[PDB]
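Residues take their numbers from the sequence shown, with the count starting at 1.
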Amino acid sequence: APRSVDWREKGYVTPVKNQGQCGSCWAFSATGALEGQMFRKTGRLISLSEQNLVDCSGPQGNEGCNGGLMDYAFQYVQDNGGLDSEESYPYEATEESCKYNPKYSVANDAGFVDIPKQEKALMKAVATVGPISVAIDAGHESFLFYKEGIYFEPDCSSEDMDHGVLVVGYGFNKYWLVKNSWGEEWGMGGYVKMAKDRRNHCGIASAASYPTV
Ligand SMILES: *C(=N)CNC(=O)[C@H](Cc1cccc(-c2nnc(C=N)o2)c1)NC(=O)c1cc(C(C)(C)C)nn1C
């Protein structure tokens, strides 16, 4: 693992998206992690369908706009044998019936991995595998109103994490490079430098995973 990683400079990452008012952060988180692992194996970056996850991942456990888990999404992809592109299956910030069509699938996986709960373990996964799906405690107006700098909230938890995002790299005092799903208008062009190697700040390590590809 090096001193800094930016997986964006290497093709693994698509633009920042906006979840609307739907509470789907787990679909975005999970399509981003699948995005860069699909890039890894195939060398083509393709936008994936967050709506497909929202309408269809119920059987695995996700409650659409009421909530979900990244882990359950990858597990949908596995069980169902695919995900659709965003071309074919566009995002409507709304829960509806499943309109999956294999004739338009472009990603798949054989399950997921749960990274041990350590920041040293998180660093190394990011360093070797790609961007990783994580879950942090956004539950503060501080995070909501973040514009720029090394985000560090004095009263942030390490145990409960309410919001699933994407670690696309890290840098250097030191920071995790985090892609959110609240549009490019939020924070730093949609990204937020989260504090790194500080008693598991905002639980970023606590629940990191990625799709087996
Ligand atoms: C986003 N706008 C709304 N947030 C959620 O839906 C969160 C995201 C989240 C938080 C904490 C962990 C995870 C996650 N994903 N994989 C893993 C474990 N390796 O952890 C995702 N969702 C929840 O808080 C949530 C959803 C549920 C279900 C669907 C099981 C009821 N339970 N929780 C706690």
Point to revise | Step-by-step side chain to side chain donor-acceptor pair (under 3.5 Å) determination, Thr31 to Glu50 | key: CA-CA 7 Å; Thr31 55; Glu50 293 108 17; 2.9 Å; yes
Exercise for review: May I have the step-by-step check of side-chain contact (heavy atoms from CB on, under 4.5 Å) for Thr14 and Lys179, ending in yes or no?
Suggested key: CA-CA 10 Å; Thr14 61; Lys179 185 194 198 196; 3.4 Å; yes
Exercise for review: Go through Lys99 and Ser97 one step at a time and tell me if the side-chain contact (heavy atoms from CB on, under 4.5 Å) criterion holds.
Suggested key: CA-CA 6 Å; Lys99 290 164 256 263; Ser97 54; 3.9 Å; yes
Practice item. Please lay out, stage by stage, how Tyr191 and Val168 fare under the test side-chain contact (heavy atoms from CB on, under 4.5 Å). Key: CA-CA 9 Å; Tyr191 287 86; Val168 310; 3.9 Å; yes
Exercise for review: Test side-chain contact (heavy atoms from CB on, under 4.5 Å) on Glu87 and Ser47 and set out the steps.
Suggested key: CA-CA 8 Å; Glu87 203 276 353; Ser47 217; over 6 Å; no
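Linking ILVMFWY residues whenever their side-chain heavy atoms come closer than 4.5 Å, directly or via other members, places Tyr151 and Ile132 in the same cluster. In the hydrophobic cluster analysis, where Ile, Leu, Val, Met, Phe, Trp and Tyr join through side-chain heavy atoms closer than 4.5 angstrom, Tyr72 is grouped apart from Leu34. Residues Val213 and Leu45 do not share a hydrophobic cluster, defined by chaining ILVMFWY side chains whose heavy atoms lie under 4.5 Å apart. Under the 4.5 Å side-chain heavy-atom criterion for grouping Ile, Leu, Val, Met, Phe, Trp and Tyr, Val134 is connected to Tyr12 within one hydrophobic cluster. Residue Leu48 is not grouped with residue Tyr210 when hydrophobic side chains (ILVMFWY) are merged at heavy-atom distances under 4.5 angstrom, including chains of intermediate members.
No side-chain donor-acceptor contact under 3.5 Å links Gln75 and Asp71. A donor-acceptor pair shorter than 3.5 Å can be found between the side chains of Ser181 and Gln19. Under the 3.5 Å distance criterion, with hydrogens and angles disregarded, no donor-acceptor pair is assigned to the side chains of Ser158 and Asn200.
Although no hydrogens or angles enter the test, the distance criterion places a donor-acceptor pair under 3.5 Å between the side chain of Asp162 and the main chain of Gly139. Checking side-chain atoms of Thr128 against main-chain N and O of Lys124 turns up a donor-acceptor pair under 3.5 Å. Checking side-chain atoms of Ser24 against main-chain N and O of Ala27 turns up no donor-acceptor pair under 3.5 Å. Under a 3.5 Å cut-off, the side chain of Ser105 and the backbone N or O of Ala107 do form a donor-acceptor pair. In this structure, the side chain of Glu159 does not engage the main chain of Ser206 through any donor-acceptor pair within 3.5 Å. In this structure, the side chain of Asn62 does not engage the main chain of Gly64 through any donor-acceptor pair within 3.5 Å. With hydrogens and angles ignored, the 3.5 Å screen pairs no side-chain donor or acceptor of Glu153 with any backbone N or O of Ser142.
A heavy-atom distance below 4.5 Å is not found between the side chains of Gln60 and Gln78. Counting heavy atoms from C-beta outward, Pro59 and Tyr76 have side chains that stay 4.5 Å or more apart. Here the side chains of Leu177 and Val167 are not in contact, with every heavy-atom distance at 4.5 Å or above. Residues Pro211 and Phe112 have side chains not in contact (no heavy-atom distance under 4.5 Å, counting atoms from C-beta outward). Using a 4.5 Å cut-off on side-chain heavy atoms (C-beta onward), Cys156 and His201 make contact. Side-chain contact check for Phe39 versus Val13: every heavy-atom pair is 4.5 Å or farther apart. Taking the side chain as every heavy atom from C-beta outward, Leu83 and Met38 never approach each other to under 4.5 Å. Within the 4.5 Å cutoff, side-chain heavy atoms of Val129 are placed close to those of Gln37.
Annotation: cation-pi pair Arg3/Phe172 absent, no NZ/CZ under 6.0 Å from the ring centroid and within 45° of its normal. The cationic group of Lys196 lies under 6.0 Å from the six-membered ring centre of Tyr170 and within 45° of the ring axis, placing it in a cation-pi geometry.
To the nearest 0.5 Å, atom CE of residue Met70 and atom OG of residue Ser29 are 3.5 Å apart. Once rounded to the nearest 0.5 Å, the distance linking NZ of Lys117 with CD1 of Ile115 reads 13.5 Å. To the nearest 0.5 Å, atom CE of residue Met194 and atom CH2 of residue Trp176 are 11.5 Å apart. Between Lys147 atom NZ and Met188 atom CE the span is 13.0 Å, to the nearest 0.5 Å. Going from atom CD1 of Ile150 over to atom CZ of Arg198 covers 9.0 Å, rounded to the nearest 0.5 Å.
For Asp160, the CG atom counts as loosely surrounded, since its 6.0 Å shell holds 12 or fewer non-hydrogen atoms of other residues, nucleotides or ligands. Residue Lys10 qualifies as open at atom NZ: its count of foreign heavy atoms under 6.0 Å is 12 or below. The neighbour count for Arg8 CZ, taken as heavy atoms of other residues, nucleotides or ligands under 6.0 Å away, is above 12.
Contact record, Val16 with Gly190: CG1-CA, 4.0 Å, taken as the closest heavy-atom pair. Considering all non-hydrogen atoms of both residues, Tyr100 and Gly82 come closest at OH-CA, 3.5 Å. Across every non-hydrogen atom of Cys22 and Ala93, the tightest pair is CB-O, 3.5 Å. Nearest heavy-atom pair across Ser133 and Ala33 is OG-CB, 2.9 Å. Here the closest heavy-atom approach between residue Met161 and residue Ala207 is recorded as CE-CB, 3.2 Å. Nearest heavy-atom pair across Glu119 and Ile204 is OE1-CG2, 4.5 Å.
Aromatic ring centres of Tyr146 and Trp182 lie farther apart than the 6.0 Å criterion allows. Taking the ring centroids of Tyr104 and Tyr89, they lie at or beyond the 6.0 Å cut-off. Ring-centre distance between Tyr91 and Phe28: below the 6.0 Å cut-off.
Ionic pairing of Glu35 and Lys17 is present here: one or more N-O contacts between side-chain nitrogen and carboxylate oxygen are shorter than 4.0 angstrom. Salt bridge annotation for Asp197-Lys120: present, with a cationic side-chain nitrogen under 4.0 angstrom from a carboxylate oxygen.
Among the candidates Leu53, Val165, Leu69, the single residue satisfying the side-chain contact (heavy atoms from CB on, under 4.5 Å) test with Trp26 is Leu53.
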